[PDB]
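Shown next, in structure tokens, is the structure this report addresses.
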Number of protein chains: 4
Amino acid sequence: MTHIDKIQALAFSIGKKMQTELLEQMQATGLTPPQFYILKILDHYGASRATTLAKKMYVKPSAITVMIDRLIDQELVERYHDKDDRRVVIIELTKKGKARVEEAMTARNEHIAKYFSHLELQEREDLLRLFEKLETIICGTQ
Amino acid sequence: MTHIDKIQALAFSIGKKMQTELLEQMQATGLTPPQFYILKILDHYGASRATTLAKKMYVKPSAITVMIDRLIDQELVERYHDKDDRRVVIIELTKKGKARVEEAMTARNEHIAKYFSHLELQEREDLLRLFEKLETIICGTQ
Amino acid sequence: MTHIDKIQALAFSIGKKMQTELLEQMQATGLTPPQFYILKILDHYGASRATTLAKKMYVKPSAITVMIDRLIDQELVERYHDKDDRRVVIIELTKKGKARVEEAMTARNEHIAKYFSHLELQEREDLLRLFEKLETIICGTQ
Amino acid sequence: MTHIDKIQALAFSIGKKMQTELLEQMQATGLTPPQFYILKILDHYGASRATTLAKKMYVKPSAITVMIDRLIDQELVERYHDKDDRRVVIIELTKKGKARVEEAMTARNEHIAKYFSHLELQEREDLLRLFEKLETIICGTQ
Ligand SMILES: CCCCCCCCCCCC(=O)O
Ligand SMILES: CCCCCCCCCCCC(=O)O
Ligand SMILES: CCCCCCCCCCCC(=O)O
Ligand SMILES: CCCCCCCCCCCC(=O)O
Ligand SMILES: c1ccc2cnccc2c1
Ligand SMILES: c1ccc2cnccc2c1
Ligand SMILES: c1ccc2cnccc2c1
Ligand SMILES: c1ccc2cnccc2c1
Ligand code: NI
Ligand code: NI
Ligand code: NI
Ligand code: NI
């Protein structure tokens, strides 16, 4: 219980500001932040299992399924099943998806970059691990 | 730059869930999280300077002014100027405000309490200090 | 299909502005717009059946149940069952609820009042009936 | 004043549902509803003045400027000045923008289409003109 009400007070105020900036980013890139991060993973590691994407995002497989369905609508990734093992679902960046992720890189919201440049690398790592833990608690993941 | 896109991906997903829970809390208590925290400060320390409230919330005086104007509309606090030093602005809980903060205590969103009970006290302290730093960066405070 | 994309474009832009004003109103009154309207109904007609509230709001009984649970948390209404016919659920304004609705009256967002004062009474009636129809379509009500 | 609180109650409930569906649409198409409608105008009439886009959206020129800046980030339109009259600002769909608007057509949110198919064409026209009037009142346009 301790620190909860103060954390929520700060999260509300920060979040109210961050939401405006994220709507700008969505307007400038055509992606929500989780969609963008998905594309970055696939850009980095190439074609990957949908279950690995879920693990990297700290969400359930079923949650990644919806995300991927939306990225398919935008034609940014392709989903397929391994030819012989149809249980293995592979997600892959399309040519469009690769161009979108690079464009999104350059069109990122600059106010958000400014705020986080005032946090040490080590402080960003701390926040990220706390968020990953919170996501795990919320989603019932590992 | 490192960790920024992953942090935003997680913040978006967590925030989407947290927003639903905060709307419930607003419906159940009649307060946003910063308004509730303000009332808790005034319940704890009694009548306090508006500038001290601003410091405790990591926001500018001008930001606290709007918050307090809204709490005055709900009749939960009273604002007055010291009788001889009219530069000193004091904020005080009303009888209504005291009843509201106690009621809000009991009617807090239980999903949020559940999530944060899975974080160590020390992890809550870490998140809180990171949020206070982020708020300071965003608001241009000390 | 015709007019749908234009309507959504306008609804998005209007809604983005209206959301800021509604958050102010929530801060100033401690009520969301449906909670406020519920209290106005109970102020006008006195104690009423929960099913009648649902009909007046164009929502399912189950939807009004959640709303009323939240108004009970804020202690603004009381729910009870008729003494002999326990199927009849009656909702009633408390002394607190009556004071809140009057206070909310005076603390209403003035920007919203300004916009709607530029619509004829007959245009407000048209919008209201279109919204009631849309609500009925969405909620599966009568 | 009459009908205002009821309209806001309904707008809040409808809007809460519509927001979820619009976030899906944004995920599925990479466009907010005003961005999509802009692209539809440019698809229909070809290259058009930025001032004409503003008129068609019932917003100020300055508002369309921001929208267009975001569509430029996504590379969906091109802005240029007439070669001899540099006061005349022309907006034009790119090859990417044309493909995006067609894709967006097919990936539109089906729940929204379902709701509006239950309104007569004449009722959609009424809502649209009321929204255009409301937008005009809010933006200070003609
Ligand atoms: C009825 C549609 C609701 C529209 C939701 C728009 C979301 C706006 C987010 C607030 C940030 C801003 O106002 O820029
Ligand atoms: C046009 C009015 C817009 C209404 C904003 C309501 C905010 C809803 C927040 C989303 C959470 C939920 O759907 O429960
Ligand atoms: C993580 C918590 C999210 C906070 C949601 C706040 C809603 C803000 C609505 C946008 C209007 C405004 O910015 O004034
Ligand atoms: C801190 C970032 C805030 C994230 C805003 C996400 C908007 C969610 C809109 C509510 C609809 C839904 O929950 O599906
Ligand atoms: C609190 C609330 C929202 C956030 C959004 N992005 C990064 C950090 C955040 C902290
Ligand atoms: C990220 C986004 C929103 C939050 C809201 N409350 C607590 C923690 C959070 C982390
Ligand atoms: C469109 C979108 C949101 C609204 C909110 N309140 C009144 C009218 C509206 C029209
Ligand atoms: C009220 C609130 C939001 C809306 C969004 N889209 C269409 C109609 C609407 C009416
Ligand atoms: Ni296949
Ligand atoms: Ni005084
Ligand atoms: Ni009883
Ligand atoms: Ni040029």
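Every residue, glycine among them, receives a Cβ derived from its backbone with ideal geometry; neighbour counts consider all protein chains shown. Readers should treat all values here as calculations from the given coordinates under stated rules, not as data from a laboratory.
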Whose Cβ in chain A comes nearest the axis that rotates A onto D, and by how many Å?
A:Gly30, 1
Return the average number of partner chain Cβ atoms within 10 angstrom of each residue Cβ along peptide D:83-92.
0
Beyond 24 Å (Cα-Cα) in this structure, taken from B:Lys56/D:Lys16; A:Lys16/B:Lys17; A:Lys133/B:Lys133; D:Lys17/D:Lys95; A:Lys96/D:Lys40; A:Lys6/A:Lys133, we find B:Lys56/D:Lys16; D:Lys17/D:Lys95
Which residues' amide hydrogens lie under 5 Å from the amide hydrogen of D:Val77, considering only partners 5 or more residues apart or on another chain, with H built in the peptide plane?
D:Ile72, D:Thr94
Cα centroids of the stretch B:75-127 and the stretch A:94-132: how far apart, whole angstrom?
33
Tell me the distances, shortest first, between C:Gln122 and the same position across the other copies, using label points 7 Å along Cα→Cβ, in nm to one decimal.
1.6, 7.2, 7.3
Under 37 °C and 0.692 mPa s, how fast does the stretch C:16-79 diffuse according to Stokes-Einstein, given a Kirkwood radius computed over C-alpha pairs? Answer in µm²/s, whole number.
264
P(r) of chain B over all Cα-Cα pairs, 5 Å bins starting at 0, rounded to whole percent, reads 2, 9, 15, 19, 20, 17, 10, 5, 3, 1, 0
In straight Cα distance, which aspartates and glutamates are under 14 Å from D:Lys114, not counting same-chain residues fewer than 8 positions off?
C:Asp5, C:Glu135, D:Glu21
Partner chain Cβ atoms within 10 Å, averaged over the residues of C:98-104 - can you pull that number for me?
2
Would you work out which of C:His3, C:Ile91, C:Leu22 lies farthest towards the positive end of the dipole of chain C? Charges go on Cβ: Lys and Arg +1, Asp and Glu -1.
C:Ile91
Computed for chain B: size of charge dipole around the Cα centre, +1 on C-beta of each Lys and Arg, -1 on C-beta of each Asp and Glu, debye to nearest 20, value 220
Surrounding net charge for D:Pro61, when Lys and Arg each add one and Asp and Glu each subtract one, Cβ distance under 15 Å:
+4
Per-copy distances of the B:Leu23 label point, shortest first, in nm (7 angstrom along Cα→Cβ):
0.8, 1.3, 1.4
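Within a 10 angstrom radius of each residue's Cβ in D:109-121, how many Cβ atoms of other chains show up on average? Whole number is fine.
Details: counts 1, 0, 1, 5, 2, 2, 6, 8, 3, 5, 7, 1, 3.
Going residue by residue through D:109-121 and averaging, the value is 3.
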Got the relative contact order for chain D handy, in percent, Cα pairs under 8 Å and 6 or more residues apart?
28
The summed charge of the B:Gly46 Cβ neighbourhood (under 11 Å; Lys/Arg +1, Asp/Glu -1) stands at -1
Using θ = phi - 60° and Karplus 6.51 cos²θ - 1.76 cosθ + 1.60, couplings along the stretch D:116-125 (whole Hz; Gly, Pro as x)
6, 6, 8, 9, 3, 3, 4, 6, 4, 4
Position D:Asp69, label points 7 Å along Cα→Cβ, spacing to each other copy in nm (shortest first, one decimal):
2.6, 3.6, 4.4
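Between A:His81 and A:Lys55, 0.36 nm times their residue separation minus their Cα-Cα distance comes to what?
7.5 nm
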